[PDB]
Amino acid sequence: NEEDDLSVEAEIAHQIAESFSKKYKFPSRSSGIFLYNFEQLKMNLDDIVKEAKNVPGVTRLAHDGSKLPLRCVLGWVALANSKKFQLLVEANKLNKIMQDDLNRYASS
């Protein structure tokens, strides 16, 4: 159980570290898109990893060593933590995007 938590922690940290500066597209409130990456959260990696575990489905995927839905993880963590992201985003559209990705990544 302890060893499982360490493996999950390292797996999530691994995937977030590797994609830390990758820009993803999110829906703007007005029209169009804006870009965001983990780097812009201005959070330390330990806190980003903890917040990523609050995203439904991520712990299960990480436990299995599977690829995480990182656009959704970023969007959820940023929605939860970044006032700037919250003000920029069309949250109706973000919610549907995040749920679509969780559904895709929950497949077998």
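Just count from 1 along the sequence shown to find any residue number.
Of the two stretches examined, 13-21 and 87-95, the record assigns the greater average C-alpha temperature factor to 87-95. For the pair 22-30 and 45-53, the mean B factor over Cα atoms is greater in 22-30. In this PDB entry, residue 73 carries a Cα temperature factor that places it within the lowest third of its chain's modelled residues. Split the chain's modelled residues into thirds by C-alpha temperature factor. Residue 81 is in the middle one.
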